[PDB]
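Quick note: the coordinates plus some simple rules give every number you see, no bench work behind them. Note that we place each Cβ from the backbone using ideal geometry, even for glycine, and neighbour counts take in every protein chain shown.
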Amino acid sequence: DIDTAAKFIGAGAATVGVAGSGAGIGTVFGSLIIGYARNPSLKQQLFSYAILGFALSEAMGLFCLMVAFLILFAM
Amino acid sequence: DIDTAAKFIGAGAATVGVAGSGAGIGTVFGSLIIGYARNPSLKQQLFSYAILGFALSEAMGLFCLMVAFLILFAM
Amino acid sequence: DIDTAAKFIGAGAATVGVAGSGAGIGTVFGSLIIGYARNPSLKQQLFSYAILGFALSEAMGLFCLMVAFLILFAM
Amino acid sequence: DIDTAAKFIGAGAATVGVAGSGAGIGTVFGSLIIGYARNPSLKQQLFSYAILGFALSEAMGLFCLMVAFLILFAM
Amino acid sequence: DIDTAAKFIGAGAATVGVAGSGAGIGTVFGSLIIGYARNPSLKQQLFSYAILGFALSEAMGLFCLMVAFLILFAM
Amino acid sequence: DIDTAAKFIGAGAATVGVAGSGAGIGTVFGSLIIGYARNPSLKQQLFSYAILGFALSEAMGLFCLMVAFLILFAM
Amino acid sequence: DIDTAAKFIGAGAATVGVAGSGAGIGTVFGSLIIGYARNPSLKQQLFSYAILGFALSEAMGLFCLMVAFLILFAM
Amino acid sequence: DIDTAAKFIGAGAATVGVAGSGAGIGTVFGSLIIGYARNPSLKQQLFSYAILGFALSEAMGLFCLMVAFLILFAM
Amino acid sequence: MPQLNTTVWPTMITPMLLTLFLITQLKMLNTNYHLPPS
Amino acid sequence: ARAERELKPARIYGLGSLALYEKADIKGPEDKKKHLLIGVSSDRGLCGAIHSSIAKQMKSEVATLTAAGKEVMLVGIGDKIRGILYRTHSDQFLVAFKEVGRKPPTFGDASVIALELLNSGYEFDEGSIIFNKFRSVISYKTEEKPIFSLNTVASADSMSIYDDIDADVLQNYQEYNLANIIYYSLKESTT
Amino acid sequence: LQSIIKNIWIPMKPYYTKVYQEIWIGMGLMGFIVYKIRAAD
Amino acid sequence: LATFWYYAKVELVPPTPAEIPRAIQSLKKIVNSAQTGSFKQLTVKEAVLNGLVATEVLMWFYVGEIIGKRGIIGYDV
Amino acid sequence: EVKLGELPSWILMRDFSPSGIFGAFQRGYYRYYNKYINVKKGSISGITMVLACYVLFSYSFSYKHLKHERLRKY
Amino acid sequence: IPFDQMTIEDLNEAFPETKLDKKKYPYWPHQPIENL
Amino acid sequence: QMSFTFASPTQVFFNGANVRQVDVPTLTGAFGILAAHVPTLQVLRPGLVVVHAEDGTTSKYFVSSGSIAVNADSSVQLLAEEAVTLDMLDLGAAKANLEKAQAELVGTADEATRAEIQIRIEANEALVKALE
Amino acid sequence: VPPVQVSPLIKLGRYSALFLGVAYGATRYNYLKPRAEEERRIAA
Amino acid sequence: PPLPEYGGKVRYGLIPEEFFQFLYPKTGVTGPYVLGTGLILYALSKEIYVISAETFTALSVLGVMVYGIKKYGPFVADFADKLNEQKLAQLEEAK
Amino acid sequence: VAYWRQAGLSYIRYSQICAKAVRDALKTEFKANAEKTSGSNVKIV
Amino acid sequence: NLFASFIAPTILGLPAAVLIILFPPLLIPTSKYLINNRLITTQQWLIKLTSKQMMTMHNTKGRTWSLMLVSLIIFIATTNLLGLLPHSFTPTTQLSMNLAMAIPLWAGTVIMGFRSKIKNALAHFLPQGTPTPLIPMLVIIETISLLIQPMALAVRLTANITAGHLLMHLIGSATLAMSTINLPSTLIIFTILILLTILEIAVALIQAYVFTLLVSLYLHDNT
Ligand SMILES: COc1nc2ccc(Br)cc2cc1[C@@H](c1ccccc1)[C@@](O)(CCN(C)C)c1cccc2ccccc12
């Protein structure tokens, strides 16, 4: 029963990788705040990019979560 | 019972992932400070954007914490 | 007896998560320095935000330590 | 028994490495927001540079997924 | 035995957490340089915040260190 | 055999360290976006610097991969 | 023995805290570049700050390093 | 039998510490790009500092690498 | 890692020295840029 | 009459336009070679010593600078000063302008003059504009105001305190302040 | 070995004699390093 | 498209039984060169030409082999 | 030159010295260079043929390794 | 001679302005990198 | 502490007045200026200028071009080539000239004239966004 | 360029070799299949 | 001596037309083509060319080469021609 | 460096165009007085 | 099995690695003529641009290394580019050749920095505006960095090129394994492989340029 134990440890290690997505979302929305303070007329378009940015970095993060479950539940 | 041991190690690993949300909240509120010191007439909209960014970053962090508590208790 | 060993390992791995709060507080106070160097007459409000940022970012760090104290003693 | 175990552990540790990809994508699109708020006439060139940065980022990630696969399947 | 071994491992994994204080000190003094080059008339006051920032970020680092010396020497 | 098991574990732990190069490439190309939005007449020289930055940052991550393979195959 | 083994693992884990000092030195000298591009007539004072930041950030790293040695050769 | 296994594990955990230098070199050259786009008449002097920063940031990372081999080959 | 097999190292060192230092440089010395006339 | 009434807001404007260069205390370079000299006057005579004094100052400091080796090129806003100085200083002459005086001078006029002063290819490294500062109905004084280029306002170490400054914003500010000082002098010489 | 002296060494003489001397010191260093690496194997 | 078929309908077609006489005739010519040894009479140009044509007919044999086993890459099992 | 000679003694009549085969290689290189490269209005095929021959050579010695990855055994 | 059949030594013979200063600059490219 | 001097070529709005905050649309973005703001000097782009008097009440003008200068002694000089209070502009003419300008842009192909068209377009866009 | 009628010996060689190859391939495939499955089963 | 104005008329960047003309008389137009197809079939049939990951890396790099050639061949060719004619024009002017 | 500065314009031309745009958006009550108080009459020789 | 394309190639028992290493200069023909073909024209233009890029930042003594540094970048770039051909053995993936390119140049650099200018070279170890109270620690880092700058060069090349090839090869296998399975997935993986091949071309050129630029900077800091 060392296999299931290592599956636990591997799921934990794999889900460590969400820190990058957290920091990336932080940077995206921080730069949105700054760039909107500078040129508040483009509030719409800037926000669009924000979503795009927030969608990409978080995507990578979700991958980790997916991989985590793939080590925890699938095999 | 090695599974208890693996559960503890995996919970520690999974909760490592909150560093991302920490640095993300730091970046979001730092950029709020900067963007407000530049254009302090948009205090309300900048604060709303900061709340959104903080919510998303802490959401990723709490995803990590929830994975930790799910490994540690709910198998 | 391996479970207590893993308790130690998981407590260390949990408390490594405070690096995020460290970097977040660093970013918050760096941005406070910048935004105060630009528009110092806002020294009050800026600092307020800084505190908030700190008081949120550091909070995440505490969560990490919390899970440490959940594995090391509460189990 | 222990070999497949360590393979799962190493696979998780290897797939950690895309946190940097997440943070890099975050920074890239954040600076895209900023540089577009600065010079909103160069939207196409800035978007091209952002796509380039996102590509190179997901690339440095593939470098980690390579060792993850190599540990998991082709030891 | 196994417990002292894991005590060493956990102390190491815990003192890993000083990376956040290192990066935070770096960011604080970087923003100090930038904000002093921008508005050198506020130097003293700016430097004040810098100290605070340092004394706070490093603070979190100490936590990591001390909890290591709680697994390594205390229990 | 525990030696090959720890080879896998150490290979994963080693290849963790590509997150730094991911984040660094993100930073370099974000700063390229910014500095090109501020002075688009230097499009060439800026890009040149970007290249250098990239090729150095990524370099560090590959060192990690080196040790990974140096552990995984060549002992 | 299991003490020498985990002492090796603990030193190898503890010496990760140098990542923070690497990133902190990088940030300090990047901000020095920026603050010099802004106000080049303070090239002396700026540089002093840089060194200070450097001599502080790396300092934290050194702590981590010695901790590794502290658990490798001393005890 | 297990001391060599732990040497492999500790070597991996030691060499993961190069992410800091990856991110630091990224930051140094991104700030070089920005500061050059702002004041392109100091192209040489800025570059000088960049190298310094690089030569320092990388330096820290290589320390980790050295320790890796000092755990993997010396003892 | 086949790069570590030190038995085939000289086979990689001596021809490189014949290319980097003797042949490529010789072909560079034959690439000359005259000055512009009046 | 009315020109004195419109001189008050224009004086506030043009004087707040140059408060920077006296708060930042830009001294200008006394070493560089090229030089630009604008002389503001009108076209219709019967005004006394207006154009005569302008010409006196113009040719006087033209000789004063040519004695030091600085190349001076002349601009004449107003046909009177142009016709007075075209006899002796014609090769040292960049461009002149019309219709100055008939209608009250407006900011469009100063903008056009400044545009043509930039769209002329004269890389002027320093300049001076000479107008008739109105003090009272009885008396005026021939004054001149300096005009700095980009390289002297960007290299002045007293401008190191001004934040968010690069060469482009300084270029735009210098061009607009050229137009501003021309408008100030055009409003002062009508009175 | 004519045109081996003139086409091969006459061009490279000012470099092989004056400019690349420290290069040759470093090449001796590298040869020593390679010999020691191959000796411990 | 159709250019390939337009060219193939002349030379890439089965040999009509009416031209097997001069086919075995050319066979007789080559075998007479074998009889006396007239391959000594042969220079390299058309020699390598005939060698290339022999390689081409061998590739016809091998295409027939791969279509005689219903599998491209080797024998399926 | 061959393609017109029809005797076997030719094959040994040639200059099989190190200098001889070196000069033969040099003459072949110069014929190729003069034909495909050393002309104005030149083309890239003068380089793609060299690259194709280099690929054939780099595959020829790599066959001993690729033979261990066949999907048939006959 | 037309310039299509001209060698660099022929150009140095016809236009002495173009000969490189192999004495002031002994090493490649025998001229200042700026003027290159 | 702040000495605000807001002036057009023909009219003076504030002269040495003590307002607490002024929000200006600089070419490098918009920023708000309070007392002891870092010394800067910038050139404006078409947009609103909101002046906050010590009473907390706002005065909103529309500047077309000019220069803002914040000095070391907290003195602010804002010079607008055409500073028009919002009660003098209309939305229909702005939107119609925006129509015209975008039309001749998609019609024109040369760089300098299309640059002039783009400047007019962004001016009228600032007008529309300022009125509503 | 107009087509060129090929020497009939070459056409004969082409098609005779094609048919000989068809036959050879079929016979060798049916010859190797039983030995193939034999050794596949005996391997386990 | 002057340089010729054309090269060797290589078809597909790999095979020169001298081969096609040399194989034209005996086997017609489709001679070289059917020889090539038969050679490729005998190669990847008797496992002479064994399919591997290198097959797909080869296809990828060949596609990138062909696209880069077809997209930047005219540009680089005219660039070299203009460099040569600029040098020639400057030398004719200095005459 | 904005797009018009790349296109060769100067800030005086930019300001002329933006001020003309602002005046053209004035309501007809003020527009005549506006273009007359800011119209140009100078001419180049 | 997997590292097979990095083992020293041998055909019929002979080490073809020497031919593979000596081939790159064959692609750079030279001519004495004044107006020559498109290949030599483009190549001489590229060499001129490269020399102006690398050498302009040197003084009159550093510029005596123009031949060395230009031939070095021309050799590394050509080797890395020839390494992308199918089945090709890339000699820059070898730690031996990269160490033999790195150690001589760096060693000659520091030796010419310690023979002349030795006082200023040793002052370089301590930055100009350095406060005193902790200068000994700054002595530990610089020297040790100087002691690892040669190796850090060679590996930076090797661990790069090798890795690139590995990745491509691995991704290649992916397509093959998914060739007999859902084909849209195969086309996605093949598009990934095409993007990776473009990245590998760019990284070949970039690694050449960065190797020669770091040697150039070491030299500039010693002349
Ligand atoms: C679509 O995403 C991409 N975009 C890219 C953009 C540029 C470049 Br150059 C490479 C890119 C590569 C990819 C993926 C990809 C898709 C197919 C094959 C190979 C690679 C990816 O590598 C994701 C990148 N991260 C995760 C490292 C991946 C790898 C492995 C497993 C995956 C599973 C699920 C999703 C993505 C998976």
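So how do I:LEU20, J:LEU18 line up by other beta-carbon neighbours within 10 Å, fewest first?
J:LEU18, I:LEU20
Could you compute the net charge surrounding S:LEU176? Neighbours are other residues with a C-beta less than 11 Å from the C-beta of S:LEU176; K and R count +1, D and E count -1.
Net charge around S:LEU176: -2.
How about M:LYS67: which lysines have a C-alpha closer than 27 Å to its C-alpha, ignoring those fewer than 8 places off in the same chain?
Within the straight-line cut-off, M:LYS67 pairs with L:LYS69, P:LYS33, Q:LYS46.
Compute the relative contact order of chain S as a whole-number percentage, counting only Cα pairs closer than 8 Å that sit 6 or more residues apart in sequence. If you can, show how the numbers build up before the last one.
Values: 166 pairs, mean separation 65.8, N = 223.
Reported relative contact order: 29 percent.
Shape verdict for chain Q, please, from the Cα gyration tensor: rounded (a/c under 1.5), prolate (a/b greater than b/c) or oblate.
Oblate, because a/c is 1.5 or more while a/b does not exceed b/c.
Treating the angle as unsigned and between 0 and 90°, give the value, to the nearest 10°, between the Cα long axis of helix K:21-39 and the longest Cα principal axis of chain K.
Long axis of K:21-39 versus the principal axis of chain K: about 30 degrees.
In cubic angstrom, how much convex hull volume per residue do the alpha carbon atoms of the protein assembly as shown span? Each step should come with its number before you reach the end.
Numbers: hull volume 374.2 nm³, N = 1596.
Dividing the Cα hull volume of the protein assembly as shown by its residue count gives 234 Å³.
Compute the separation of the alpha-carbon centres of the stretch L:5-77 and the stretch S:156-204 and state it in Å as a whole number.
42
Applying 1/(1 + (r/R0)^6) with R0 = 30 Å to the Cβ-Cβ distance of Q:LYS95 and N:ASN35, what FRET efficiency is obtained, to the nearest 0.05?
0.85
Among M:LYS40, O:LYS100, Q:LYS70, which comes first, then next, by fewest other beta-carbon atoms within 10 Å?
Values: M:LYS40 19, O:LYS100 15, Q:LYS70 9.
The order, fewest Cβ neighbours first, is Q:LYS70, O:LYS100, M:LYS40.
Tell me, how many Å apart are the Cα centres for the stretch S:6-29 and for the stretch M:1-72?
For the stretch S:6-29 versus the stretch M:1-72, the Cα centre distance is 14 Å.
Which of S:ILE74, S:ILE181, S:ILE161 moves the most in a Gaussian network model of chain S with Cα springs under 10 Å?
Residue with maximal mean-square fluctuation among S:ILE74, S:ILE181, S:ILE161: S:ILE181.
Exceeding 21 Å between C-alpha atoms, which entries from my cross-link table qualify? They are J:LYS32/J:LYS145; A:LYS7/F:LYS7; D:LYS43/Q:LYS70; J:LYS33/J:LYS133.
Flagged as over cut-off: D:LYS43/Q:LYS70; J:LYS33/J:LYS133.
Neighbour counts of other C-beta atoms within 10 Å: give me O:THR40, S:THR93, E:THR27, S:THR223 arranged from fewest to most.
Lowest to highest Cβ neighbour count: S:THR223, O:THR40, S:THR93, E:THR27.
Given the rule -39500 (n - 2.57) for each run of at least 4 DSSP H residues, summed and divided by the residues of chain S, what is its mean residue ellipticity at 222 nm, to the nearest 500 deg cm²/dmol? Intermediate values should be presented prior to the final figure.
Working: 7 runs with 149 residues, N = 223.
Estimated from H runs of four or more residues: -23000 deg cm²/dmol.
Can you give the alpha-carbon Rg of the stretch Q:1-50 over 2.2 N^0.38 Å, where N counts its residues?
Normalised Cα radius of gyration, the stretch Q:1-50: 1.55.
Can you tally the net charge around R:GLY8? Count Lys and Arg as +1, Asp and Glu as -1, for every other residue whose Cβ sits under 13 Å from the Cβ of R:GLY8.
Charge balance near R:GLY8 sits at 0.
Over the Cα atoms, compute the radius of gyration (one decimal) and Dmax (the largest Cα-Cα distance, rounded to a whole number) for the stretch J:60-128, in Å.
So, for the stretch J:60-128, Rg and Dmax equal 13.1, 39 Å respectively.
Could you give the angle, 0 to 90 degrees to the nearest 10, between helix R:28-38's Cα long axis and the longest principal axis of the Cα atoms of chain R?
60
Taking chain J as a Gaussian network, where each spring joins two C-alpha atoms under 10 Å apart, which residue of J:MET159, J:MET58, J:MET73 fluctuates the most?
J:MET159
Compute the Cα gyration tensor for chain J, then decide on rounded, prolate or oblate, letting a ≥ b ≥ c be the square roots of its eigenvalues: rounded whenever a/c is under 1.5, prolate when a/b is larger than b/c in the other cases, and oblate in all that remain.
Cα axes put chain J in the oblate bin.
Among all the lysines, which ones have a C-alpha under 21 Å from L:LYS9's C-alpha, if same-chain residues fewer than 8 places away are not counted?
Within the straight-line cut-off, L:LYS9 pairs with P:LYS11, Q:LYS26.
Filter the trypsin sites (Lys or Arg not before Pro) in the stretch J:76-164 to those in DSSP coil with at most 16 other Cβ atoms within 10 Å of their Cβ, and list the result.
Taking the stretch J:76-164 and a limit of 16 other Cβ atoms within 10 Å, the loop trypsin sites (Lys or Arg not before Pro) found are J:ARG87, J:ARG102, J:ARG135.
Check the straight Cα-Cα distances from Q:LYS87 and name the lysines below 21 Å, setting aside those fewer than 8 residues away within the same chain.
Answer for Q:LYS87, where 21 Å is the Cα cut-off: M:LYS40, M:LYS41, N:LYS19, Q:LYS95, S:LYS32, S:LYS48, S:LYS52, listed by chain and number.
Separation of chain P and the stretch F:17-43 by C-alpha centroid, Å?
61
Percent relative contact order of chain A, based on C-alpha pairs within less than 8 angstrom and at least six residues apart?
Relative contact order here is 55 percent.
Rounded to whole angstrom, how close does the nearest chain D beta-carbon get to the axis mapping D onto A, and which residue is it?
D:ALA23, 5
By how many degrees, between 0 and 90 and to the nearest 10, does the Cα long axis of helix M:18-32 differ from the longest principal axis of chain M?
With rounding to tens, the tilt is 90 degrees.
Over all distinct alpha-carbon pairs, what is the Kirkwood Rh of chain C in angstrom? Before the final figure, lay out each step's value.
Working: mean 1/r = 0.0716 Å⁻¹.
After inverting the pairwise mean of 1/r, the radius is 14.0 Å.
Given a 10 angstrom Cα cut-off, can you work out which residue in J:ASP125, J:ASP166, J:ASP43 is the most mobile in a GNM of chain J?
Greatest mean-square fluctuation among the candidates belongs to J:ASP166.
Run the simple label-point estimate for K:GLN2 and O:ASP110 please: 7 Å along Cα→C-beta, distance reported in nm.
7.0
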